[PDB]
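Undergrad: So that we are looking at the same thing, I have put the structure below in structure tokens.
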Amino acid sequence: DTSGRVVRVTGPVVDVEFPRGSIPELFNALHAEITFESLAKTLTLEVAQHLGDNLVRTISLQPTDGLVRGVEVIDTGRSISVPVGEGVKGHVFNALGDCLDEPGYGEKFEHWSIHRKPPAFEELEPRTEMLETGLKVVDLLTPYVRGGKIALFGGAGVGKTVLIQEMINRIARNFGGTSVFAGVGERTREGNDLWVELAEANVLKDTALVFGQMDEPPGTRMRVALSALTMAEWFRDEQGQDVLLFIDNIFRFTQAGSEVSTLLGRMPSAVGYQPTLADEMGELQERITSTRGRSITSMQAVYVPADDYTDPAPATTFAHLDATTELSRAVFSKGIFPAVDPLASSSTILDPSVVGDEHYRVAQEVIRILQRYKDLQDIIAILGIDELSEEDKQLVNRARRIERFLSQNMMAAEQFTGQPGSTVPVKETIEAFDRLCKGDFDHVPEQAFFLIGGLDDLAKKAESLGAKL
Amino acid sequence: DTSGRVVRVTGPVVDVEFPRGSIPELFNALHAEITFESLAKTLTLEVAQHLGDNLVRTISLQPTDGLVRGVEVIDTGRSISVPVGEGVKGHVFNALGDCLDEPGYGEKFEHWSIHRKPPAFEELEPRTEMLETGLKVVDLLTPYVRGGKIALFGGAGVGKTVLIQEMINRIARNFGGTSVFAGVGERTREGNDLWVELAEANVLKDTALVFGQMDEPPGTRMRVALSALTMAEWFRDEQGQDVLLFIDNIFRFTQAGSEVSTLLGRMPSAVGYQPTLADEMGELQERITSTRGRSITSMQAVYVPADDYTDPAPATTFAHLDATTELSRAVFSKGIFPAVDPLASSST
Amino acid sequence: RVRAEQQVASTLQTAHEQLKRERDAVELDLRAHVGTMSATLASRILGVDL
Amino acid sequence: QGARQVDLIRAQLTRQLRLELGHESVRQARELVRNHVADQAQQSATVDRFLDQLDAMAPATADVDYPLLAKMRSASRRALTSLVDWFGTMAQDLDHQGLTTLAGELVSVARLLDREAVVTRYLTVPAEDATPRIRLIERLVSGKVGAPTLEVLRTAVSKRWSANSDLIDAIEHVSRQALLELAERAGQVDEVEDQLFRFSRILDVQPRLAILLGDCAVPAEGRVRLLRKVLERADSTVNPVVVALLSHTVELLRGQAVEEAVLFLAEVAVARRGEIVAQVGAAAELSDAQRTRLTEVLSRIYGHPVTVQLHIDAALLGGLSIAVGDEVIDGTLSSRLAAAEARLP
Amino acid sequence: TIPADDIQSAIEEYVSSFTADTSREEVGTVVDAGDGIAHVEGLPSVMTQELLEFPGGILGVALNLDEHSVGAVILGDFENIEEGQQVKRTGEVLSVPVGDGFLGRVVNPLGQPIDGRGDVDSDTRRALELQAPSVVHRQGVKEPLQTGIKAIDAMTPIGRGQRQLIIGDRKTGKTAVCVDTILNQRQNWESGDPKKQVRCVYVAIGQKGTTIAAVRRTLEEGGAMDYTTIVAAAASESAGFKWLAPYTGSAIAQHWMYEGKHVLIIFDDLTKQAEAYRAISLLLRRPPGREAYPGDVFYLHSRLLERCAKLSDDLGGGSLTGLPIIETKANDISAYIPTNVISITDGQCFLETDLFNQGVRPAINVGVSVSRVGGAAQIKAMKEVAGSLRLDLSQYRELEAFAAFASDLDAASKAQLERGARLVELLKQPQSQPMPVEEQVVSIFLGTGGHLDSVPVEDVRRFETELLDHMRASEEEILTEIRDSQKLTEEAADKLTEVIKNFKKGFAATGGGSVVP
Amino acid sequence: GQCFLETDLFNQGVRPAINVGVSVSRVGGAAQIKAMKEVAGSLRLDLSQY
Ligand SMILES: Nc1ncnc2c1ncn2[C@@H]1O[C@H](COP(=O)(O)OP(=O)(O)OP(=O)(O)O)[C@@H](O)[C@H]1O
Ligand SMILES: Nc1ncnc2c1ncn2[C@@H]1O[C@H](COP(=O)(O)OP(=O)(O)O)[C@@H](O)[C@H]1O
Ligand SMILES: [Mg+2]
Ligand SMILES: [Mg+2]
């Protein structure tokens with residue numbers, strides 16, 4: 001008949017031979033069986049390459065432990081499909097579209113293929129509307145964009161998950177549309193925490209969760225982002241109302257593509273990555289976008305391997321974003337939270353035409369003071385604060401106070417410090433930082449600027465230290 | 001009959017199959033015509049490897065766009081040959097010996113193969129001799145070596161072209177000699193500017209220009225220095241004349257060699273340079289020497305990657321250099337010409 | 001500026017539906033001309049009037 | 001710029017209408033020709049239009065076509081051509097039973113040299129005097145084989161080869177040539193060709209039989225058992241030489257797809273007579289006058305006598321599509337409908 | 001207003017004019033296909049770089065030829081390629097339609113519009129790999145190509161026919177510099193003179209589509225799409241489009257250069273084009289080298305950048321000016337592709353993140369930036385007012401360590417310190433605000449003549465702005481005859497000094513003081 | 001989370017050699033009793049700032 005036959009099994013990569021005229025198309029899903037009772041399951045194999053002589057190289061989405069060469073492989077005739085519609089909100093899904101919250105749910109929904117082309121160029125339009133969060137450093141130096149692309153860059157263990165949960169708290173709770181969260185090759189403890197926390201906050205009913213975690217083979221970690229993207233694309237193109245998309249460690253997607261690269265017969269690229277790094281990242285990132293009149297506000301965590309921002313993966317992720325918050329381990333080690341690097345982060349709408357003259361001028365002066373402080377840090381380390389000018393000492397004091405005032409007690413960090421979180425309006429942020437730059441708080445100690453909210457918290461913590469604003 | 005046919009085309013690398021008793025020697029030049037009217041040309045292919053089963057691997061000197069498998073390949077029976085003689089003065093050539101300012105000129109001259117051996121051991125001079133140029137700073141602080149190599153470390157706006165003209169004048173008038181300029185990886189704008197400036201200074205009649213330009217495949221950029229050195233060797237040996245050779249960014253010769261080695265699939269070396277970096281550099285620099293009373297002296301511009309003098313390319317180049325002349329902008333700003341830095345320049 | 005661009009957005013709001021009306025009005029008109037195009041296409045594919 | 005916006009969306013809608021009406025009209029024309037083709041005389045008219053069109057394309061620049069020297073990389077074209085040149089005078093005196101025993105013993109030697117590659121390694125080394133290999137020949141099978149088979153084995157080893165397997169290809173090719181010579185002296189000079197081709201088109205429909213005949217581990221006797229009765233069935237295989245050819249193939253195929261190997265056999269058979277085969281299509285079977293016209297005009301086109309095969313499929317709606325060599329002349333009205341759909345503005 | 005029967009009779013005349021007579025064609029078969037590469041048995045007559053037609057209207061480029069198959073790069077819709085499909089020859093190498101119909105359009109790396117504004121009527125077609133102008137077909141670079149940025153036009157001048165690499169880390173202002181250069185040709189285009197008009201080509205390689213839309217919006221806000229073409233290979237396109245996009249943008253604008261016209265081309269992040277070529281070359285299993293690059297990537301970029309030329313008067317005198325963009329990582333200009341493109345080009349503008357954060361915008365490192373054409377790409381007025389600028393800035397950089405020790409310095413050294421501070425404040429410029437050359441001459445005259453030594457450092461920008469406003473409103477004769485005569489004669493300088501003194505006695509500093517000397 | 005031990009801190013006499021600035025626990029105060037969670041509230045941030 002039209003059935004295949006397993007020929008080679010090398011980890012997650014499986015070669016399958018089909019009869020002439022029955023070779024499956026690229027990206028088709030195939031079904032194989034594992035009958036060993038301890039590991040009995042149905043393997044889903046995505047056609048990756050046409051090898052020739054009727055052979056086909058596929059990637060497995062489940063672990064192939066227990067698979068026998070020669071077993072029958074059924075071609076389903078289409079790519080991987082996931083359920084779409086209003087019924088996916090409130091539930092936790094697999095990378096294949098299977099509900100974990102409630103097994104068997106959504107089996108009769110409409111199903112969309114996870115492989116699409118991005119919107120046409122004549123449908124794209126730049127987004128230049130500020131999304132206000134309540135974090136002083138984000139509102140001031142990296143203002144987010146309504147319907148734009150936001151990213152959180154950072155090395156292992158700086159602030160990415162805490163910051164993205166903070167933004168789920170700040171942006172998605174009082175939101176009026178749909179939310180989609182993609183856990184892409186992350187921790188299962190954090191996924192369970194997020195599920196429970198959305199359930200308690202009564203915000204899970206507006207969220208669709210799709211998880212493929214670190215314990216999954218590289219096929220699941222490659223395709224889970226496409227599944228969640230397909231759900232968000234349905235909410236954008238058919239329902240047409242204000243989607244929020246969160247993707248925790250989109251880098252894992254890329255990393256998964258490099259775990260199977262040499263097994264697929266591809267010569268390695270520079271730093272051990274697949275040669276198709278930028279091409280796959282582009283065909284994925286260009287679907288995460290707003291079209292004309294159809295908004296998707298996206299927020300991605302981007303893992304920076306070995307804290308090296310010159311690594312190819314984050315270096316090519318950088319070009320797909322409207323706002324980037326960059327977290328440093330040097331800021332993390334000083335105890336400043338969120339551990340944002342103010343001099344490396346950016347935003348395309350940090351422009352006098354968008355945010356205003358005063359916002360822009362205050363941001364520029366803050367950045368200039370922090371840059372001068374960074375330039376003086378080496379002299380201060382070796383020669384001391386005494387061999388600086390009076391102007392330089394003034395600037396160093398102002399810069400220490402500024403870099404401490406950029407930190408904030410976050411709502412999602414109360415589990416780490418016991419102190420509740422704070423929301424600061426953007427006008428208060430701008431006015432407070434204008435005062436700091438002019439020097440109106442040069443008499444308040446360096447502390448009392450640390451992990452506070454606005455100017456009222458500044459006054460309270462200054463007087464608790466014996467000072468007056 | 002005895003002609004080959006193209007089997008594989010992978011970029012600049014072309015594999016050619018010949019009859020059993022007609023395999024061309026290594027470095028031989030083969031001809032294959034591209035007939036697509038938009039890209040019609042004649043590719044020259046230099047045999048690089050004998051692959052076996054009557055296959056040879058060759059590096060193409062022109063872009064292979066439009067080349068078809070199976071086309072006839074003609075073996076010239078010799079390596080790349082350049083025109084030699086007095087007729088090459090005042091004219092511009094490429095690494096193949098084709099006249100650029102007057103196509104078809106020099107086709108009836110004597111032609112010399114560009115792959116030659118250095119002078120025998122019993123013909124070498126065991127005594128170092130200084131080249132009396134006539135410039136005070138050079139003769140005093142950094143005396144040149146007759147038959148030696150001088151690194152030149154000047155950029156734009158410091159009078160490097162004026163110094164090249166000056167050395168052309170001094171070799172043509174104070175020694176009765178000739179100049180050969182080799183533009184290795186030459187920018188076509190700067191090559192045209194050099195041509196026009198030499199024609200307007202009336203020193204072009206004393207100079208033979210050989211340009212292998214940047215928009216060319218690596219084989220031409222790798223062989224242009226050998227072409228210019230072959231012209232210089234004819235002037236030294238057959239004419240009996242002191243020659244001055246100018247190599248443009250000798251580094252670009254090293255870089256083209258590295259690119260050709262990468263295209264031929266050879267495993268790279270330390271940092272990345274071709275495994276035969278020192279061998280190629282020596283095969284080139286050993287032909288620049290004094291023999292039988294006459295000499296070829298060479299002023300070579302050297303690029304230092306990342307300002308690292310321990311980099312393999314400058315470290316291998318400096319194993320053959322005899323003096324160094326660094327043209328400074330601080331000296332050029334004070335109005336001192338030539339703008340030779342007296343403290344940075346040196347001589348062995 | 002803002003006046004001009006918001007009112008040209010209004011003109012777009014009008015012209016979009018107006019031209020869509022024109023389109024679905026001619027959609028029924030073109031169907032009368034499909035037969036001749038079909039016949040001539042078949043005639044050119046084959047090479048005879050039928 | 002707002003006026004530009006409204007004009008451009010207008011033009012986009014007009015273009016959408018353009019292409020949509022175009023697809024509607026091409027579907028309508030497909031309807032007209034699809035329900036208009038049913039007249040058989042009209043299908044004959046389509047064929048004759050296509051062939052009078054062909055009557056002006058002359059000529060093509062097609063060169064010689066050889067079945068097996070195509071993949072012979074180097075040092076084996078010379079070898080196999082010297083071997084066939086020796087056979088050109090070695091074969092003319094043999095008698096029928098001589099040829100059949102020769103073919104049997106040669107395919108036996110082929111299976112031998114296939115089962116163990118270690119001997120073929122010492123048998124495919126290059127040296128202008130292979131008298132040690134000739135000794136190995138004289139001391140390996142001399143007490144088991146006949147005289148002409150060992151003679152052809154000698155003249156086979158007498159040349160260098162690209163690899164090990166190419167020699168086995170050459171020898172079983174010699175067996176093929178001998179079986180075909182036996183058939184040619186039997187008066188079946190072309191019946192074998194149509195037999196091979198029709199069996200190939202039969203095997204093409206069934207992938208089961210086709211692929212499981214390519215069992216690279218089942219005993220060759222198991223393979224020939226597989227072939228036996230599915231071949232020995234009825235009048236559909238009346239030829240008495242094709243049985244041995246197909247048997248040799250199904251036992252000694254070495255990984256090649258049977259669907260491809262039997263067609264290679266047919267192409268060798270048609271190349272023995274110096275002719276090319278042309279695989280054409282149509283809507284229904286022709287009238288043999290059309291076959292004669294097409295055959296002679298294609299022979300004029302390619303400058304070599306040709307023989308046609310008809311993979312008839314009514315999804316062409318008339319016209320023809322020859323497939324000589326590697327260049328196709330597609331004129332099936334299905335392809336023209338597809339083209340007209342593609343060229344739509 | 002729908003052109004109904006227009007559409008009707010148009011498709012009708014097409015379908016009546018459809019006579020596709022059937023002829024032979026040499027075909028091949030896909031044997032394997034993966035990751036954007038397909039191998040094709042057959043096609044014995046196919047040539048290198050020949051375009052191939054895969055079923056479904058798919059295009060490929062034959063790059064690898066051998067005795068077994070043809071390795072081809074698919075240019076789009078690769079997920080439709082299947083083993084066994086029939087591949088046809090086109091008999092042609094990659095060409096692109098050229099002509100003036102491309103002004104104001106956004107096209108593929110194939111000449112196909114992607115803006116949805118209709119068809120592009122083309123004069124002819126031009127092959128992508130036509131050779132560069134010969135060494136004898138060229139001319140010295142003599143005419144300035146004004147970018148409108150004072151730092152570039154004063155320190156690293158670009159001429160018509162020159163290649164000025166723009167190289168920087170990221171978010172340092174490279175696209176801003178190139179877009180300001182494009183916008184600065186608006187007055188040249190308005191003049192209507194083909195000797196002064198510059199046609200622009202913006203090639204976007206591997207960019208997010210909304211970034212290309214933002215660039216196009218910035219060009220439309222400034223009237224720069226009347227003379228600009230955009231060749232967009234978005235980040236979602238295949239590696240073949242990202243590899244071909246600069247050659248497509250350079251094939252266009254060579255048709256103009258060979259017609260006696262002057263063109264400016266921007267290759268935005270050639271780094272991504274080199275990465276796409278590396279992806280293609282590694283998928284074709286070509287030998288890698290440093291950073292896994294094919295080994296003819298220097299050739300890839302030099303072949304492209306040597307087609308920017310200044311033609312001789314016999315060839316028409318046209319010119320193509322290239323502004324390639326390179327993104328570095330951690331300011332590492334010794335990386336492979338940065339080294340290559342620095343070697344190829346005629347000059348470099350280095351952009352630093354630190355300089356950007358200090359307020360120096362455009363963030364050009366004037367110390368290391370260089371133009372090898374130099375004063376041959378400047379008018380005489382700019383050549384005269386900016387000759388004392390580089391030494392002044394170098395002296396200021398040397399003396400910056402003595403900022404808080406002015407009393408411990410020679411009077412000349414403190415003068416140099418203050419002059420350098422003023423000159424650093426003078427070379428700053430807002431985004432998307434290029435200046436005509438006469439105003440840059442007046443500004444650098446303000447700087448280097450000494451008329452800013454009395455203005456506070458924190459007021460130099462406002463002083464220059466308001467003085468240029470005054471001169472645009474009141475004294476238009478100075479600017480007009482600087483523009484006409486290309487020099488600043490002594491009487492023009494005298495009137496300029498008079499106007500500066502009157503303005504100074506009118507100007508009001510931020511500290512309440514007077515800027516009167 | 002990670003407990004990063006350093007030989008420089010070990011030699012200085014800081015034992016255990018935990019680098020408090022780069023060491024962290026992602027579970028946090030949920031992995032403590034209420035007494036420890038209330039006395040060691042911001043102890044890690046305090047030591048990092050110190
Ligand atoms: N001269 C300038 N003055 C003020 N702001 C500027 C200037 N040039 C650029 N900018 C700002 O810098 C930001 C980044 O600049 P730009 O996008 O041009 O850099 P880039 O080199 O294209 O970097 P990338 O390609 O990584 O985005 C922009 O938001 C822009 O507003
Ligand atoms: N805003 C903050 N306030 C206090 N502690 C924080 C803050 N952000 C992160 N941390 C601490 O640093 C750790 C960082 O974890 P996280 O940022 O989620 O890792 P990753 O960045 O790898 O996802 C957390 O476990 C938390 O203890
Ligand atoms: Mg995380
Ligand atoms: Mg940019």
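Quick note on naming: the chains in the structure tokens go A, B, ... in the order shown, residues restart at 1 in each chain, and ligands are numbered from 1 in order of appearance.
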Determine, using only C-alpha atoms and all ligand atoms, which residues of chain A have any atom at most 7 Å from an atom of ligand 1, and tabulate each with its shortest atom pair and distance in Å to one decimal place, rows ordered by chain and then rising number, as JSON lines.
TA:
{"residue": "A:319", "atom": "CA", "partner": "ligand 1", "partner_atom_place_in_ligand_line": "26 (O)", "distance": 6.2}
{"residue": "A:347", "atom": "CA", "partner": "ligand 1", "partner_atom_place_in_ligand_line": "29 (O)", "distance": 6.6}
{"residue": "A:348", "atom": "CA", "partner": "ligand 1", "partner_atom_place_in_ligand_line": "29 (O)", "distance": 4.4}
{"residue": "A:349", "atom": "CA", "partner": "ligand 1", "partner_atom_place_in_ligand_line": "29 (O)", "distance": 6.7}
{"residue": "A:350", "atom": "CA", "partner": "ligand 1", "partner_atom_place_in_ligand_line": "29 (O)", "distance": 6.5}
{"residue": "A:351", "atom": "CA", "partner": "ligand 1", "partner_atom_place_in_ligand_line": "31 (O)", "distance": 5.8}
Undergrad: Write out, as JSON lines, each residue of chain F that has an atom at most 6 Å from ligand 2, together with the closest pair of atoms and their distance in Å to one decimal, counting only C-alpha atoms and all ligand atoms, rows going by chain and rising number.
TA:
{"residue": "F:24", "atom": "CA", "partner": "ligand 2", "partner_atom_place_in_ligand_line": "27 (O)", "distance": 5.7}
{"residue": "F:25", "atom": "CA", "partner": "ligand 2", "partner_atom_place_in_ligand_line": "25 (O)", "distance": 5.1}
{"residue": "F:26", "atom": "CA", "partner": "ligand 2", "partner_atom_place_in_ligand_line": "25 (O)", "distance": 2.9}
{"residue": "F:28", "atom": "CA", "partner": "ligand 2", "partner_atom_place_in_ligand_line": "27 (O)", "distance": 5.7}
Undergrad: Write the residues of the preceding selection, restricted to N, CA and C atoms, as a PDB file, in the first residue's frame.
TA:
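What landed in part_2.pdb:
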ATOM      1  N   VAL F  24      21.942  32.584  43.378  1.00  0.00           N
ATOM      2  CA  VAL F  24      20.527  32.906  43.484  1.00  0.00           C
ATOM      3  C   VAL F  24      19.756  31.608  43.640  1.00  0.00           C
ATOM      4  N   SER F  25      18.544  31.709  44.171  1.00  0.00           N
ATOM      5  CA  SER F  25      17.581  30.619  44.185  1.00  0.00           C
ATOM      6  C   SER F  25      16.312  31.125  43.520  1.00  0.00           C
ATOM      7  N   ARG F  26      15.875  30.441  42.467  1.00  0.00           N
ATOM      8  CA  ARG F  26      14.683  30.868  41.749  1.00  0.00           C
ATOM      9  C   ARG F  26      13.394  30.535  42.481  1.00  0.00           C
ATOM     10  N   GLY F  28      13.175  30.966  45.990  1.00  0.00           N
ATOM     11  CA  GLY F  28      13.121  32.101  46.887  1.00  0.00           C
ATOM     12  C   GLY F  28      12.510  31.764  48.237  1.00  0.00           C
TER      13      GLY F  28
END
Undergrad: Taking a cut-off of 8 Å and counting only C-alpha atoms, can you build a table that, for each residue of chain C near chain E, reports the nearest atom pair and how far apart they are in Å (one decimal), sorted by chain then residue number, as a Markdown table?
TA:
| residue | atom | partner | partner_atom | distance |
| --- | --- | --- | --- | --- |
| C:19 | CA | E:1 | CA | 7.1 |
| C:22 | CA | E:2 | CA | 6.5 |
| C:23 | CA | E:2 | CA | 7.2 |
| C:26 | CA | E:4 | CA | 6.6 |
| C:30 | CA | E:8 | CA | 6.9 |
| C:33 | CA | E:8 | CA | 7.5 |
| C:37 | CA | E:12 | CA | 5.9 |
| C:40 | CA | E:16 | CA | 6.1 |
| C:41 | CA | E:15 | CA | 5.9 |
| C:44 | CA | E:19 | CA | 6.3 |
| C:45 | CA | E:19 | CA | 7.3 |
Undergrad: Could you report the residues within 12 Å of ligand 4, using only C-alpha atoms and all ligand atoms, as a VMD selection string?
TA: (chain A and resid 318 to 322 348) or (chain E and resid 166 to 179 202 to 208 210 to 212 214 to 215 266 to 272 324 to 327)
Undergrad: Separation of atom CA of residue D:312 and atom CA of residue D:334, in Å?
TA: 13.6 Å
Undergrad: List as a ChimeraX atom specification the protein and nucleic acid residues lying within 8 Å of ligand 3, with only C-alpha atoms and all ligand atoms counted.
TA: /A:156-157,159-162,186-187,248-249,301,303
Undergrad: Selection from above, C-alpha atoms, as a PDB file, in the first residue's frame, can you write it?
TA:
ATOM      1  CA  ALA A 156      21.232  32.593  32.192  1.00  0.00           C
ATOM      2  CA  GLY A 157      19.521  33.654  35.395  1.00  0.00           C
ATOM      3  CA  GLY A 159      15.699  38.589  35.153  1.00  0.00           C
ATOM      4  CA  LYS A 160      13.979  37.269  32.049  1.00  0.00           C
ATOM      5  CA  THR A 161      11.307  34.987  33.503  1.00  0.00           C
ATOM      6  CA  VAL A 162      10.580  37.309  36.432  1.00  0.00           C
ATOM      7  CA  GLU A 186      11.813  26.192  29.521  1.00  0.00           C
ATOM      8  CA  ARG A 187      11.335  24.774  33.010  1.00  0.00           C
ATOM      9  CA  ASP A 248       9.576  32.425  26.904  1.00  0.00           C
ATOM     10  CA  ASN A 249      13.024  31.790  25.380  1.00  0.00           C
ATOM     11  CA  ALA A 301      12.551  36.358  26.228  1.00  0.00           C
ATOM     12  CA  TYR A 303      18.574  33.850  26.113  1.00  0.00           C
TER      13      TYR A 303
END
Undergrad: Which residues in chain F does DSSP call strand (DSSP E or B)? List them as a PyMOL selection string.
TA: chain F and resi 2+5+18+24
Undergrad: So that I have them on file, write out the residues from the current selection with C-alpha atoms, as a PDB file, in the first residue's frame.
TA:
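Below is the file that was written, selection-v3.pdb:
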ATOM      1  CA  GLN F   2      23.029  28.170  41.434  1.00  0.00           C
ATOM      2  CA  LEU F   5      31.762  28.828  44.829  1.00  0.00           C
ATOM      3  CA  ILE F  18      29.420  31.388  47.873  1.00  0.00           C
ATOM      4  CA  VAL F  24      20.527  32.906  43.484  1.00  0.00           C
TER       5      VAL F  24
END
Undergrad: Would you mind listing what lies within 9 Å of residue E:429 as a ChimeraX atom specification, with only C-alpha atoms counted and same-chain residues fewer than 2 positions away left out?
TA: /E:149-151,360-362,426-427,431-434,461
Undergrad: Convert the current residue selection to file output with N, CA and C atoms, as an mmCIF file, in the first residue's frame.
TA:
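As a result, result_4.cif now contains:
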data_model
loop_
_atom_site.group_PDB
_atom_site.id
_atom_site.type_symbol
_atom_site.label_atom_id
_atom_site.label_comp_id
_atom_site.auth_asym_id
_atom_site.auth_seq_id
_atom_site.Cartn_x
_atom_site.Cartn_y
_atom_site.Cartn_z
ATOM 1 N N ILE E 149 25.299 65.600 6.138
ATOM 2 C CA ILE E 149 25.830 65.482 7.490
ATOM 3 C C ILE E 149 27.147 66.240 7.548
ATOM 4 N N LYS E 150 27.245 67.187 8.483
ATOM 5 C CA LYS E 150 28.425 68.041 8.553
ATOM 6 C C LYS E 150 29.679 67.235 8.845
ATOM 7 N N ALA E 151 29.575 66.231 9.717
ATOM 8 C CA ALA E 151 30.738 65.420 10.060
ATOM 9 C C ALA E 151 31.308 64.726 8.829
ATOM 10 N N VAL E 360 27.194 62.605 21.127
ATOM 11 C CA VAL E 360 27.793 62.876 19.824
ATOM 12 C C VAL E 360 26.952 62.144 18.784
ATOM 13 N N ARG E 361 26.115 62.881 18.065
ATOM 14 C CA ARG E 361 25.224 62.275 17.085
ATOM 15 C C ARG E 361 25.180 63.126 15.823
ATOM 16 N N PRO E 362 25.533 62.577 14.648
ATOM 17 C CA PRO E 362 25.941 61.200 14.339
ATOM 18 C C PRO E 362 27.206 60.748 15.058
ATOM 19 N N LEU E 426 29.571 71.534 17.342
ATOM 20 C CA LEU E 426 29.128 72.016 16.040
ATOM 21 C C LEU E 426 28.819 70.881 15.072
ATOM 22 N N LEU E 427 29.476 69.736 15.223
ATOM 23 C CA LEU E 427 29.296 68.613 14.314
ATOM 24 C C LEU E 427 28.122 67.722 14.693
ATOM 25 N N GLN E 431 18.378 63.856 13.637
ATOM 26 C CA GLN E 431 18.064 62.818 12.669
ATOM 27 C C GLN E 431 17.122 63.353 11.597
ATOM 28 N N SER E 432 17.315 62.881 10.365
ATOM 29 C CA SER E 432 16.449 63.225 9.235
ATOM 30 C C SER E 432 16.400 64.733 9.001
ATOM 31 N N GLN E 433 17.545 65.395 9.144
ATOM 32 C CA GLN E 433 17.645 66.843 8.953
ATOM 33 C C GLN E 433 18.949 67.184 8.245
ATOM 34 N N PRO E 434 19.097 66.777 6.985
ATOM 35 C CA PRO E 434 20.322 67.107 6.255
ATOM 36 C C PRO E 434 20.361 68.576 5.866
ATOM 37 N N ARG E 461 24.678 74.751 19.494
ATOM 38 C CA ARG E 461 23.663 74.188 18.612
ATOM 39 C C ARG E 461 22.558 75.196 18.324
#
Undergrad: Pull the closest atom pair for each residue of stretch 202-289 of chain B that gets at most 12 Å from stretch 318-333 of chain B, along with the distance in Å to one decimal, counting only C-alpha atoms, ordering rows by chain and then ascending residue number, as a Markdown table.
TA:
| residue | atom | partner | partner_atom | distance |
| --- | --- | --- | --- | --- |
| B:250 | CA | B:318 | CA | 10.9 |
| B:251 | CA | B:318 | CA | 11.1 |
| B:278 | CA | B:319 | CA | 9.3 |
| B:279 | CA | B:319 | CA | 11.9 |
| B:281 | CA | B:320 | CA | 8.7 |
| B:282 | CA | B:320 | CA | 7.9 |
| B:283 | CA | B:320 | CA | 11.1 |
| B:284 | CA | B:320 | CA | 10.1 |
| B:285 | CA | B:320 | CA | 6.8 |
| B:286 | CA | B:320 | CA | 8.3 |
| B:287 | CA | B:320 | CA | 11.3 |
| B:288 | CA | B:320 | CA | 9.9 |
| B:289 | CA | B:320 | CA | 10.9 |
Undergrad: Quick check, in Å to one decimal: how far apart do atom CA of residue E:421 and atom CA of residue E:457 lie?
TA: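 Result for atom CA of residue E:421 versus atom CA of residue E:457: 6.7 Å, one decimal.
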